[PDB]
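S.K.: fold the following for me, if possible:
(one chain, ligands or ions: 1)
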Amino acid sequence: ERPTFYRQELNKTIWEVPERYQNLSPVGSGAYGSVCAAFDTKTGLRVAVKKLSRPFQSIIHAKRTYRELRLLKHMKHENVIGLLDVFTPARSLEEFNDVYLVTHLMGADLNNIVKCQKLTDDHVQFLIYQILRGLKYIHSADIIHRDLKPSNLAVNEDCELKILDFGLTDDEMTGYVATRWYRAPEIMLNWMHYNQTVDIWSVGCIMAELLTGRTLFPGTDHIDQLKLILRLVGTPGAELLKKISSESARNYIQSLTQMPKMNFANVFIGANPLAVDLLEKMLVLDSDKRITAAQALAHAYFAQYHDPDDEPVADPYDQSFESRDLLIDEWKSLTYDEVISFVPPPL
Ligand SMILES: Cc1ccc(C(=O)Nc2cccc(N3CCOCC3)c2)cc1-c1ccc2c(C3CCNCC3)noc2c1
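M.R.: Numbers count the residues shown, from 1 in each chain. Now the structure:
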């Protein structure tokens with residue numbers, strides 16, 4: 001049965017939501033949507049409700065909407081954001097125009113943690129362990145995050161962590177900006193077809209920052225950031241160079257004065273030697289040679305937390321739609337089907 005909906009205006013946006021959701025309060029806004037904290041009187045949960053902005057305005061938007069809903073419907077893991085509810089006030093496909101996504105409400109992110117709290121090695125162990133546990137799951141579904149950074153990691157009072165994407169442009173990657181500091185170099189400079197290993201670079205950057213309290217590669221721009229990276233990990237060898245399929249990027253990087261990999265024990269002074277070893281295995285320029293999430297979970301750094309019987313993989317995820325070309329109304333109808341077939345988390 002369809003719940004009763006009620007309307008309010010929230011910062012010149014109409015919100016039409018089921019009665020069960022009360023105390024809506026704006027908490028984040030951007031081009032692709034806006035978010036309210038709410039109270040789900042049905043479950044007694046504090047929730048976030050995201051109203052997608054212009055979900056079907058173009059083929060690109062419509063496909064992105066379908067993409068996010070498919071992803072959130074699939075993700076069922078303790079360290080990965082999941083979907084409590086999805087709804088539309090529309091009574092039919094014909095009048096369908098708005099999509100609302102409901103999740104648990106997150107409190108602090110890892111930026112807040114790193115900026116305000118000081119982290120012991122045990123804290124770093126636990127936090128990184130949970131990122132990798134979540135990544136193992138996400139990667140098993142052949143989902144790449146591509147934008148892992150402290151602001152996309154939510155951490156509760158008990159130091160329990162969830163991976164999400166709060167993403168709501170070339171300009172946005174420009175300059176001295178945290179939007180670029182955690183990106184794998186192959187994606188930052190469009191070196192080649194990239195894959196899930198990009199996320200492991202990001203984890204290396206986050207981990208280093210938990211250990212030092214400071215950004216690892218706070219580049220003032222793409223080139224300055226590359227120079228910071230190469231100063232630490234060394235300039236690429238011939239083997240990696242032949243893998244850089246962009247002939248332009250390859251020729252640029254070859255123009256740089258060769259530099260050796262630095263001693264990581266002298267960069268991360270006082271750090272657990274096992275953390276040093278792990279960082280060396282994550283922060284490898286050749287993405288083919290980076291440690292994977294599944295491999296990293298078995299690294300001795302995580303001995304206290306690693307449980308091979310409680311590090312689950314995802315159910316098969318069909319993303320054949322990614323290579324499909326459809327019209328707006330066809331993406332819209334697929335998205336509609338997914339809204340009406342949603343089944344909330346049990347108990
Ligand atoms: C409501 C909502 C819906 C969807 C998403 C959301 O994370 N969507 C999304 C989109 C694309 C990719 C992924 N991935 C995550 C897992 O890794 C693979 C890729 C996830 C996120 C939220 C969301 C947004 C804001 C908040 C907040 C606020 C954050 C800002 N301050 C107050 C709380 N709490 O909880 C929230 C959930």
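
S.K.: so residue 283 touches residue 232, yeah?
M.R.: Yes: at 7.1 Å, residue 283 counts as touching residue 232 under the criterion of Cβ atoms under 8 Å. (C-beta placed from N, C-alpha, C; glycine too.)

S.K.: more crowded one of the two?
M.R.: Remark: of residue 283 and residue 232, residue 283 carries more neighbours, 23 against 17, as counted by other Cβ atoms under 10 Å.

S.K.: now for the more buried one: which residues touch it?
M.R.: 201, 204, 205, 208, 232, 233 (Cβ atoms under 8 Å, 6 or more residues apart in numbering).

S.K.: residue 261 versus the nearest residue to residue 257 once chain neighbours are set aside, what's the distance?
M.R.: Once flanking residues are discounted, residue 257 sits nearest to residue 235: 7.6 Å by Cβ to Cβ, 6 or more residues apart in numbering. Residue 235 is 9 Å from residue 261, where distance means Cβ to Cβ, to the nearest Å.

S.K.: now residue 128
M.R.: Applying Cβ to Cβ, the value for residue 128 to residue 261 is 21 Å.

S.K.: check residue 329 too.
M.R.: Computed as Cβ to Cβ, the residue 329 to residue 261 distance reads 54 Å.

S.K.: the more surrounded of the two?
M.R.: Remark: of residue 329 and residue 261, residue 261 carries more neighbours, 15 against 11, as counted by other Cβ under 10 Å.

S.K.: got the contact list for whichever strand or helix holds residue 331?
M.R.: Assigned by DSSP states H and E, residue 331 belongs to helix 328-340. With Cβ under 8 Å, 6+ apart as the test, helix 328-340 has contacts from 55-56, 58-59, 62-63, 65-66, 69-70, 73, 86-88, 93, 96, 99, 321, 326.

S.K.: let's see it at 10 Å
M.R.: 52, 55-70, 72-73, 86-88, 90, 92-94, 96-97, 99-101, 321, 324, 326-327 (Cβ atoms under 10 Å, 6 or more residues apart in numbering).

S.K.: of these, grab the buried ones for ChimeraX.
M.R.: Listed next is the ChimeraX selection for buried residues among the contacts of helix 328-340, using 16 or more other Cβ atoms under 10 Å:
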select :52,55,56,61,62,63,64,65,66,68,69,70,72,73,86,87,88,90,96,99,100,101
